[PDB]
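Working notes, structure below.
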Amino acid sequence: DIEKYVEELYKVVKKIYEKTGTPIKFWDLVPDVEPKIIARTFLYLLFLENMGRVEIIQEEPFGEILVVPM
Amino acid sequence: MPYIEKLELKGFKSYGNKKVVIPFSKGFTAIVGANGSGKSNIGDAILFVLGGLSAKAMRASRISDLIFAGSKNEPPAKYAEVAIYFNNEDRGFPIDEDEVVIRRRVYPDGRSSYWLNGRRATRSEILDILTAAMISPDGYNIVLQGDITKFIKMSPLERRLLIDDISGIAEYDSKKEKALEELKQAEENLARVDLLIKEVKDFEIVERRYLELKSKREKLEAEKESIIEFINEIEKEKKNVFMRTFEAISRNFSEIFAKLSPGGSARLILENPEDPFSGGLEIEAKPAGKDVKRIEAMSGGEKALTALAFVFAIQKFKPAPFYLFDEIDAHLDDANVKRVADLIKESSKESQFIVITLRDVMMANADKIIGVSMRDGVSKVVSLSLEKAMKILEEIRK
């Protein structure tokens, strides 16, 4: 039901990382300027991180969030 | 009203030996992540630091099982620790500090220690300070896993006592106890004077003593009568304050339930409207197109919407400092979760709300979102501001 959207987002993260080799800004991953879509992108990344497929990096609270695939 | 600024966890359940700080919105925070991330342990942490004694209520089998048991890269903790930081700028806490810190540690031997703003304190002292601030260790405003079922199975008497509390009639019970003490002394003095008059019944001596006793008796009788009137007045006022409170919350409950359950309706019921304190508080609800059912007979989503309508009916009359929800959406579809989240967001202007969820429709309405994920058997957090996010992305839309 949602598993395909989480996997889709993973493949996007991996493909972009294979091209830049640098951490991906969370902001660049959010496809619409709508609170539910911001929230859903964040959630799908947290799903991926709990499964060990990405790492979420944040230095300071409410600071820039970056994503690296594992 | 005071509100939670942050929560610090160290060695507590899935949170490891490096202190983890969880910041909160003054308004609506959502705590999100996968099931199994440790997001729900944050709810248990708040029950814990506010004095919870029941391991089961904190989703543990024994108190010592709250202590971080070690992970791939970490040893077990020597103790579990949680600290909660309240903003007190308006002195909701009777403490002359802009910040009130409560800290609890539990050790493998099962003992707990508490601190209040750095100084040691007993659990009783902590509960007293929380009571003074009208913060409940596990009151109606805390609805964690299993608490909707508890509210459904709750006795009508227990349900009324909740309204007794909100209404504030405890001050009337106090005044009554003191007037009964005065009445007691009056009666004792009357019986004493009555014995002395009986014995009295030399002429000048006995007449003098009889007149003085008859006069003391007359004062005592007037004093007795005025105390009895005062008690009667107190009892009327107590009933009045309770009924004013009940009728306003009852109205709230019907409106809110009709809003959460479109086409539905519901009522609070006093088992004895003539003397409310001799009976319980009952609930009947009629979902759209279904028969009238009574709350203990309700299942699934209807049951959760009813319990939530009751919580918000109270918070609209007398808002608590914060509300803490988890699993309230387990039997609600997206359409229903939307209605609850809108109600939460609208009420979050008057109370702090902390909702543990993975439902994006609930998430969407939050001021801040705390994402939780478990990395190598250890939970860690990432914090996001939705207002900030909206601004940053609107500006990128150029």
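To be explicit about the labels: the chains of the structure tokens are called A, B, and onward in the order shown, and within each one the residues are counted from 1, while ligands get numbers from 1 in the order they are shown.
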Query raised in the report: Near chain B, which residues of chain A fall within 7 Å when you count only C-alpha atoms, and what do they look like as a ChimeraX atom specification?
Result: /A:27,33,35-36,39-40,43,46-47,49-50,58,61-62
Just the selected residues (N, CA, C and O atoms), exported as a CSV table (one decimal), in the first residue's frame, please.
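Listing of selection_32.csv after writing:
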chain,number,residue,atom,x,y,z
A,27,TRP,N,15.2,19.2,2.0
A,27,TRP,CA,14.4,20.1,1.2
A,27,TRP,C,14.3,19.7,-0.3
A,27,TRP,O,13.2,19.9,-0.9
A,33,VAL,N,4.9,21.8,-1.9
A,33,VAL,CA,5.0,22.8,-0.8
A,33,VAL,C,3.6,22.7,-0.1
A,33,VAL,O,2.8,23.6,-0.2
A,35,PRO,N,2.0,20.9,3.7
A,35,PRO,CA,2.5,20.3,5.0
A,35,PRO,C,2.3,18.8,5.0
A,35,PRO,O,3.3,18.2,5.5
A,36,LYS,N,1.3,18.2,4.4
A,36,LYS,CA,1.1,16.8,4.4
A,36,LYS,C,2.2,16.1,3.6
A,36,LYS,O,2.6,15.0,3.9
A,39,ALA,N,5.4,16.3,5.6
A,39,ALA,CA,5.4,15.3,6.6
A,39,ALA,C,5.6,13.9,6.1
A,39,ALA,O,6.4,13.1,6.6
A,40,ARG,N,4.9,13.6,5.0
A,40,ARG,CA,5.0,12.2,4.4
A,40,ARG,C,6.5,11.9,3.9
A,40,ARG,O,7.0,10.8,4.1
A,43,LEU,N,8.5,11.2,7.0
A,43,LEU,CA,8.1,9.9,7.5
A,43,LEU,C,8.7,8.7,6.7
A,43,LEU,O,9.3,7.8,7.3
A,46,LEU,N,12.1,8.3,7.6
A,46,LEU,CA,12.3,7.7,8.9
A,46,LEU,C,12.0,6.2,8.8
A,46,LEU,O,12.7,5.4,9.5
A,47,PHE,N,11.1,5.8,8.0
A,47,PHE,CA,10.9,4.4,7.7
A,47,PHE,C,12.2,3.8,7.1
A,47,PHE,O,12.6,2.7,7.5
A,49,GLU,N,15.2,4.8,7.4
A,49,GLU,CA,16.3,4.8,8.3
A,49,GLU,C,16.1,3.7,9.4
A,49,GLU,O,17.1,3.1,9.8
A,50,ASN,N,14.9,3.5,9.8
A,50,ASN,CA,14.7,2.4,10.8
A,50,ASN,C,15.0,1.0,10.2
A,50,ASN,O,15.3,0.1,10.9
A,58,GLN,N,21.5,15.3,11.0
A,58,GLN,CA,21.1,16.7,11.5
A,58,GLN,C,22.1,17.1,12.6
A,58,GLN,O,22.2,16.4,13.6
A,61,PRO,N,19.3,20.9,16.5
A,61,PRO,CA,17.8,20.7,16.5
A,61,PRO,C,17.1,21.7,15.5
A,61,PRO,O,17.5,22.9,15.5
A,62,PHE,N,16.2,21.2,14.7
A,62,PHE,CA,15.5,22.0,13.7
A,62,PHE,C,16.5,22.6,12.6
A,62,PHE,O,16.2,23.6,12.0
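The neighbours of residue 183 (chain B) here are the residues that come within 10 Å of it, using only C-alpha atoms and leaving out any residue fewer than 4 positions away in the same chain; they are residues 177, 178, 179, 187, 188, 189, 220, 223, 224, 225, 226, 227, 228 and 231 of chain B.
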Within 9 Å of residue 293 (chain B), counting only C-alpha atoms, which residues qualify if same-chain residues fewer than 6 places away don't, as a PDB file with N, CA and C atoms, in the first residue's frame?
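File written: result18.pdb
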ATOM      1  N   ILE B 283     -22.698   7.656  29.415  1.00  0.00           N
ATOM      2  CA  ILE B 283     -22.539   8.191  28.067  1.00  0.00           C
ATOM      3  C   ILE B 283     -23.351   7.349  27.091  1.00  0.00           C
ATOM      4  N   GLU B 284     -24.164   8.008  26.271  1.00  0.00           N
ATOM      5  CA  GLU B 284     -24.863   7.343  25.179  1.00  0.00           C
ATOM      6  C   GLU B 284     -24.573   8.069  23.882  1.00  0.00           C
ATOM      7  N   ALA B 285     -24.347   7.303  22.823  1.00  0.00           N
ATOM      8  CA  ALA B 285     -24.026   7.897  21.540  1.00  0.00           C
ATOM      9  C   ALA B 285     -24.787   7.173  20.444  1.00  0.00           C
ATOM     10  N   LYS B 286     -25.158   7.935  19.422  1.00  0.00           N
ATOM     11  CA  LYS B 286     -25.906   7.422  18.278  1.00  0.00           C
ATOM     12  C   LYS B 286     -25.156   7.796  17.007  1.00  0.00           C
ATOM     13  N   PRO B 287     -24.296   6.911  16.502  1.00  0.00           N
ATOM     14  CA  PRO B 287     -23.656   7.174  15.205  1.00  0.00           C
ATOM     15  C   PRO B 287     -24.705   7.285  14.105  1.00  0.00           C
TER      16      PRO B 287
END
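Assigned to strand (DSSP E) in region 90-147 of chain B, given DSSP computed from backbone atoms, are residues 99, 100, 101, 102, 103, 104, 105, 106, 112, 113, 114, 115, 116, 119, 120, 121, 142 and 143 of chain B.
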Output for the residues just chosen: N, CA, C and O atoms as a short mmCIF file (atom, residue, chain, number, x, y, z; two decimals), in the first residue's frame:
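Writing the result to selection.cif gives the following:
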data_model
loop_
_atom_site.label_atom_id
_atom_site.label_comp_id
_atom_site.auth_asym_id
_atom_site.auth_seq_id
_atom_site.Cartn_x
_atom_site.Cartn_y
_atom_site.Cartn_z
N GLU B 99 11.63 28.18 35.11
CA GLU B 99 11.74 26.82 34.63
C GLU B 99 11.63 25.87 35.81
O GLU B 99 12.24 26.11 36.86
N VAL B 100 10.84 24.82 35.65
CA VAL B 100 10.74 23.77 36.64
C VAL B 100 11.25 22.49 35.99
O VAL B 100 10.76 22.10 34.91
N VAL B 101 12.24 21.86 36.61
CA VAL B 101 12.82 20.62 36.11
C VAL B 101 12.49 19.50 37.09
O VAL B 101 12.78 19.60 38.29
N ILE B 102 11.87 18.45 36.58
CA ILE B 102 11.65 17.22 37.34
C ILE B 102 12.51 16.14 36.70
O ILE B 102 12.52 15.99 35.47
N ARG B 103 13.25 15.42 37.53
CA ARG B 103 14.16 14.38 37.09
C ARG B 103 13.90 13.14 37.91
O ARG B 103 13.73 13.23 39.13
N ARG B 104 13.80 11.98 37.26
CA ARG B 104 13.68 10.70 37.95
C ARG B 104 14.72 9.73 37.43
O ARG B 104 14.97 9.66 36.22
N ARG B 105 15.34 8.98 38.34
CA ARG B 105 16.18 7.83 38.01
C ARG B 105 15.63 6.58 38.66
O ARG B 105 15.21 6.61 39.82
N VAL B 106 15.69 5.46 37.94
CA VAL B 106 15.40 4.16 38.52
C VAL B 106 16.62 3.26 38.32
O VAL B 106 17.32 3.35 37.31
N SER B 112 13.81 4.20 43.06
CA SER B 112 13.75 5.42 42.27
C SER B 112 14.20 6.62 43.10
O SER B 112 13.96 6.68 44.31
N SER B 113 14.81 7.59 42.43
CA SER B 113 15.13 8.87 43.04
C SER B 113 14.55 10.00 42.20
O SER B 113 14.42 9.88 40.98
N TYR B 114 14.20 11.10 42.86
CA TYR B 114 13.62 12.26 42.20
C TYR B 114 14.39 13.51 42.57
O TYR B 114 14.92 13.63 43.68
N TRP B 115 14.42 14.46 41.64
CA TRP B 115 14.96 15.79 41.85
C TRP B 115 13.95 16.84 41.38
O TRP B 115 13.29 16.67 40.35
N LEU B 116 13.86 17.94 42.13
CA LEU B 116 13.07 19.10 41.76
C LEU B 116 14.05 20.26 41.66
O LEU B 116 14.63 20.67 42.67
N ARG B 119 17.37 19.86 43.46
CA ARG B 119 17.32 19.38 44.84
C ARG B 119 16.52 18.08 44.92
O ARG B 119 15.49 17.94 44.25
N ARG B 120 17.00 17.13 45.73
CA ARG B 120 16.29 15.87 45.92
C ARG B 120 14.89 16.12 46.47
O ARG B 120 14.65 17.08 47.20
N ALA B 121 13.96 15.23 46.11
CA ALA B 121 12.59 15.34 46.59
C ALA B 121 11.97 13.96 46.61
O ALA B 121 12.36 13.07 45.85
N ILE B 142 -4.04 12.28 29.50
CA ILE B 142 -3.02 11.38 28.98
C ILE B 142 -3.75 10.16 28.44
O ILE B 142 -4.48 9.47 29.18
N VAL B 143 -3.64 9.94 27.14
CA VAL B 143 -4.38 8.85 26.52
C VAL B 143 -3.36 8.05 25.73
O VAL B 143 -3.17 8.28 24.53
#
Query raised in the report: So which residues of region 113-332 of chain B fall under helix (DSSP H, G or I) by DSSP, listed as a ChimeraX atom specification?
Result: /B:123-132,147-153,156-167,170-200,203-260,276-278,295-297,300-317
Query raised in the report: So which residues touch residue 269 (chain B) within 12 Å, counting only C-alpha atoms, skipping near sequence neighbours fewer than 6 positions away, as a ChimeraX atom specification?
Result: /B:156-157,159-160,243,246-247,249-251,253-254,276,279-285,294-295
Output N, CA and C atoms of each residue in that selection to a file, as a PDB file, in the first residue's frame.
ATOM      1  N   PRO B 156     -19.283   4.385  35.926  1.00  0.00           N
ATOM      2  CA  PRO B 156     -19.944   5.702  35.923  1.00  0.00           C
ATOM      3  C   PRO B 156     -19.562   6.564  37.108  1.00  0.00           C
ATOM      4  N   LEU B 157     -19.313   5.952  38.269  1.00  0.00           N
ATOM      5  CA  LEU B 157     -18.881   6.720  39.434  1.00  0.00           C
ATOM      6  C   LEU B 157     -17.517   7.355  39.193  1.00  0.00           C
ATOM      7  N   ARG B 159     -16.257   8.053  36.348  1.00  0.00           N
ATOM      8  CA  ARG B 159     -16.427   9.091  35.337  1.00  0.00           C
ATOM      9  C   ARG B 159     -16.937  10.392  35.958  1.00  0.00           C
ATOM     10  N   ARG B 160     -17.913  10.322  36.875  1.00  0.00           N
ATOM     11  CA  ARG B 160     -18.357  11.568  37.496  1.00  0.00           C
ATOM     12  C   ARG B 160     -17.241  12.222  38.307  1.00  0.00           C
ATOM     13  N   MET B 243     -23.273  21.499  38.580  1.00  0.00           N
ATOM     14  CA  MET B 243     -24.237  21.433  37.475  1.00  0.00           C
ATOM     15  C   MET B 243     -23.878  22.412  36.370  1.00  0.00           C
ATOM     16  N   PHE B 246     -21.104  20.592  34.626  1.00  0.00           N
ATOM     17  CA  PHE B 246     -21.605  19.456  33.869  1.00  0.00           C
ATOM     18  C   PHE B 246     -22.374  19.898  32.623  1.00  0.00           C
ATOM     19  N   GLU B 247     -23.234  20.919  32.739  1.00  0.00           N
ATOM     20  CA  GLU B 247     -24.065  21.274  31.589  1.00  0.00           C
ATOM     21  C   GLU B 247     -23.226  21.869  30.464  1.00  0.00           C
ATOM     22  N   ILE B 249     -19.935  21.204  29.855  1.00  0.00           N
ATOM     23  CA  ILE B 249     -19.171  20.115  29.251  1.00  0.00           C
ATOM     24  C   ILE B 249     -20.089  19.186  28.468  1.00  0.00           C
ATOM     25  N   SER B 250     -21.298  18.954  28.986  1.00  0.00           N
ATOM     26  CA  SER B 250     -22.276  18.152  28.259  1.00  0.00           C
ATOM     27  C   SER B 250     -22.574  18.770  26.894  1.00  0.00           C
ATOM     28  N   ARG B 251     -22.822  20.084  26.863  1.00  0.00           N
ATOM     29  CA  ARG B 251     -23.017  20.766  25.584  1.00  0.00           C
ATOM     30  C   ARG B 251     -21.797  20.593  24.679  1.00  0.00           C
ATOM     31  N   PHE B 253     -19.631  18.241  24.672  1.00  0.00           N
ATOM     32  CA  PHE B 253     -19.496  16.854  24.244  1.00  0.00           C
ATOM     33  C   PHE B 253     -20.409  16.541  23.063  1.00  0.00           C
ATOM     34  N   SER B 254     -21.670  16.985  23.137  1.00  0.00           N
ATOM     35  CA  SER B 254     -22.602  16.781  22.029  1.00  0.00           C
ATOM     36  C   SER B 254     -22.133  17.483  20.762  1.00  0.00           C
ATOM     37  N   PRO B 276     -26.546  14.788  42.097  1.00  0.00           N
ATOM     38  CA  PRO B 276     -25.519  14.203  41.222  1.00  0.00           C
ATOM     39  C   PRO B 276     -24.509  13.364  41.980  1.00  0.00           C
ATOM     40  N   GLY B 279     -24.655   9.393  42.365  1.00  0.00           N
ATOM     41  CA  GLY B 279     -24.675   8.528  41.201  1.00  0.00           C
ATOM     42  C   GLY B 279     -23.552   8.850  40.242  1.00  0.00           C
ATOM     43  N   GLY B 280     -23.491   8.067  39.166  1.00  0.00           N
ATOM     44  CA  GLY B 280     -22.400   8.154  38.218  1.00  0.00           C
ATOM     45  C   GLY B 280     -22.723   9.042  37.026  1.00  0.00           C
ATOM     46  N   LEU B 281     -21.803   9.029  36.067  1.00  0.00           N
ATOM     47  CA  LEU B 281     -21.920   9.800  34.837  1.00  0.00           C
ATOM     48  C   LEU B 281     -21.814   8.824  33.677  1.00  0.00           C
ATOM     49  N   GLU B 282     -22.862   8.762  32.866  1.00  0.00           N
ATOM     50  CA  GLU B 282     -23.000   7.775  31.810  1.00  0.00           C
ATOM     51  C   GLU B 282     -22.938   8.451  30.451  1.00  0.00           C
ATOM     52  N   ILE B 283     -22.698   7.656  29.415  1.00  0.00           N
ATOM     53  CA  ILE B 283     -22.539   8.191  28.067  1.00  0.00           C
ATOM     54  C   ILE B 283     -23.351   7.349  27.091  1.00  0.00           C
ATOM     55  N   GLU B 284     -24.164   8.008  26.271  1.00  0.00           N
ATOM     56  CA  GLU B 284     -24.863   7.343  25.179  1.00  0.00           C
ATOM     57  C   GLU B 284     -24.573   8.069  23.882  1.00  0.00           C
ATOM     58  N   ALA B 285     -24.347   7.303  22.823  1.00  0.00           N
ATOM     59  CA  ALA B 285     -24.026   7.897  21.540  1.00  0.00           C
ATOM     60  C   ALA B 285     -24.787   7.173  20.444  1.00  0.00           C
ATOM     61  N   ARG B 294     -24.648   2.480  24.285  1.00  0.00           N
ATOM     62  CA  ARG B 294     -24.124   3.050  25.506  1.00  0.00           C
ATOM     63  C   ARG B 294     -22.638   2.690  25.561  1.00  0.00           C
ATOM     64  N   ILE B 295     -21.829   3.583  26.155  1.00  0.00           N
ATOM     65  CA  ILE B 295     -20.420   3.671  25.754  1.00  0.00           C
ATOM     66  C   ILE B 295     -19.704   2.343  25.970  1.00  0.00           C
TER      67      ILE B 295
END
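When CA of residue 28 (chain B) is paired with CA of residue 4 (chain B), their separation reads 11.3 Å.
Between CA of residue 260 (chain B) and CA of residue 339 (chain B) the separation is 5.7 Å.
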Query raised in the report: Using only C-alpha atoms, which residues sit within 9 Å of residue 241 (chain B) once same-chain residues fewer than 5 positions away are excluded, as a list in words?
Result: residues 167, 168, 169, 236 and 246 of chain B
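You will find CA of residue 91 (chain B) at 25.5 Å from CA of residue 355 (chain B).
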Report task. Compare A:54, A:41, A:24, A:66 by their minimum atom-to-atom distance to residue 2 (chain A), counting only C-alpha atoms, and give me the closest one. Result -> A:41
